[PDB]
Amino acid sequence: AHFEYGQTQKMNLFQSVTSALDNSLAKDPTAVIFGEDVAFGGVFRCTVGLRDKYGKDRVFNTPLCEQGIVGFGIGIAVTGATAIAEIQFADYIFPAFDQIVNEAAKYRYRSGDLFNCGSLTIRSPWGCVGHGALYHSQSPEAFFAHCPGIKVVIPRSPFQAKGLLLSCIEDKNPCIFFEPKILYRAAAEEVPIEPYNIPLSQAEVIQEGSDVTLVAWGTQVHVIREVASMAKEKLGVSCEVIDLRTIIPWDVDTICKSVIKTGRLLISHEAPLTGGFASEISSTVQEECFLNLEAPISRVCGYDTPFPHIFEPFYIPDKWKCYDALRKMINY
């Protein structure tokens, strides 16, 4: 491999998603969950047990048609009912791109708030998985970041996923929630059994530091956490490690406060460099923190290619690529 709320149980990230979805359907009688193969529990087990517990009218399979899944979910949401759609892999969200960008995101604005689809959430497995190649590995968040009117949220762990997913389900705006699939059965951690929320549009500083700010999201947060340890041990460099969590609208303030303190920023993501979301963060930090920058802002990202099968170990922005970029930046 490359990497206070009442009673808790150890849960992995798939189980935390099921727990959020169960909590949601228990407390919101309007809520339904649908998509390809969700009825028997889903191809990643995220919906196991839910049809039996809540009913076939509430957890159900659709035909194999992503533009239809999203259009259908928007329509449920237009009536005010909570619609939690699944897209089986994020790589297959593109058929629904028109329904998400031209319809869901613009629904409230274009009607003057006469109609909306706020009660829609789209959840989808995301990110690399060791061998997923072109169509089981993608990280599409930058495509969606250029669309005003949708929120895009990516957790780093089981505790984070349940609280962020509950926030998306209850937020009054259409949300895309990307679940890093390489974490679904990775290590468990303690997760509250009852519902709780983690705010959207709020980054989390998970380790304080004074020399350099590192920003990432999803599995890549664990990579940068390890890079921070490498930099401390090998270079005596103190890294502030930040999980962005929400891609849009993003927490500009937390990131800029950190970079004003440290004077250095490295942003990392699995998605390709060009047009990737690191570009938005870099250009914004530059505008707001210009006088504080000791070295150019570094982006350590996937290469500008499709995501390869046999070459995945060479493609990803792993801890050595991040560390090497950090070393150069520290010495700039």
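Note that residue numbering begins at 1 and tracks the sequence as displayed.
- Going from residue 3 to residue 4, the model skips 4 to 9 deposited residues, which lack coordinates.
- For the pair 19-27 and 318-326, the mean B factor over Cα atoms is greater in 318-326.
- Stretches compared: 107-115, 214-222. Higher mean C-alpha B-factor in the entry: 214-222.
- Between the residues 146, 181, 172, 232, the entry's highest C-alpha temperature factor is the one at 232.
- Annotation for 278, 64, 46, 291: 291 ranks highest, by Cα B-factor.
- When the modelled residues of the chain are ordered by their C-alpha B factor, residue 120 lands in the lowest third.
- Compared with the other modelled residues of the chain, the Cα B-factor recorded for residue 50 ranks in the middle third.
- Annotation for residue 285: C-alpha temperature factor in the highest third relative to the rest of the modelled chain, per the entry.
- The entry lists a Cα temperature factor for residue 162 that places it in the lowest third of the chain's modelled residues.
- For residue 90, the recorded CA B-factor ranks within the lowest third of the chain. Only modelled residues enter the ranking.
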